[PDB]
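Chains as they are written, first to last, in the authors' numbering: chain A, 873 to 920; chain B, 346 to 373; chain C, 679 to 720. What follows is a single structure, written as structure tokens, with notes after it.
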Amino acid sequence: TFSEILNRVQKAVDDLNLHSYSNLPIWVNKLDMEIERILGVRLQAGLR
Amino acid sequence: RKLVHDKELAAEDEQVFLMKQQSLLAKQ
Amino acid sequence: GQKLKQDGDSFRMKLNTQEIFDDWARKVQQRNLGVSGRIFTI
């Protein structure tokens, strides 16, 4: 399910990168940090 | 030699661009 | 028909529209509108 939602945002960022917007490393770096934060708290509660 | 990351090209705010064009009109 | 001619004549001179046009043209001479300038204004 986690692989499904990351494949959804993978095809979403492919749709972003087809449309050629500015500042994609900054924005998808922030969002990769956000998914890393959410996966950290999910792994924390899962190890609990 | 990594991907040395580019500087974030920022959209200028409407107040700072309007004070810039206020300075441009006031210099005209 | 004396009274109809009198009252419709009074209503006819009430229905002259010359003063509205002359006050309108007076207002646009008092405005004196000019197009020209910088096409953005801040």
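The beta-carbon is built from N, C-alpha and C at its ideal position, and this holds for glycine as well.
Three-state class that DSSP yields for residue i in the structure shown
{"i": "B/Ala371", "result": "helix"}
{"i": "C/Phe689", "result": "helix"}
{"i": "A/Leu888", "result": "helix"}
{"i": "C/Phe718", "result": "coil"}
{"i": "B/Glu353", "result": "coil"}
{"i": "C/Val713", "result": "coil"}
{"i": "B/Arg346", "result": "coil"}
{"i": "C/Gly679", "result": "coil"}
{"i": "A/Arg920", "result": "coil"}
{"i": "A/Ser894", "result": "coil"}
{"i": "A/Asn901", "result": "helix"}
{"i": "B/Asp358", "result": "coil"}
{"i": "C/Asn694", "result": "coil"}
C-alpha gap between residue i and residue j, whole angstroms
{"i": "B/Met364", "j": "B/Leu354", "result": "20 angstroms"}
{"i": "B/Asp351", "j": "A/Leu915", "result": "32 angstroms"}
{"i": "C/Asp700", "j": "C/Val713", "result": "23 angstroms"}
{"i": "C/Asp687", "j": "C/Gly679", "result": "12 angstroms"}
{"i": "A/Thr873", "j": "B/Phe362", "result": "45 angstroms"}
{"i": "B/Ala356", "j": "A/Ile898", "result": "13 angstroms"}
Cβ distance (whole Å) where residue i is taken to contact residue j below 8 angstroms
{"i": "B/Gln367", "j": "C/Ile720", "result": "6 angstroms"}
{"i": "A/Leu896", "j": "A/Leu890", "result": "The pair is not a contact, with the Cβ atoms about 11 angstroms apart (cut-off 8 angstroms)."}
{"i": "A/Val885", "j": "A/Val900", "result": "6 angstroms"}
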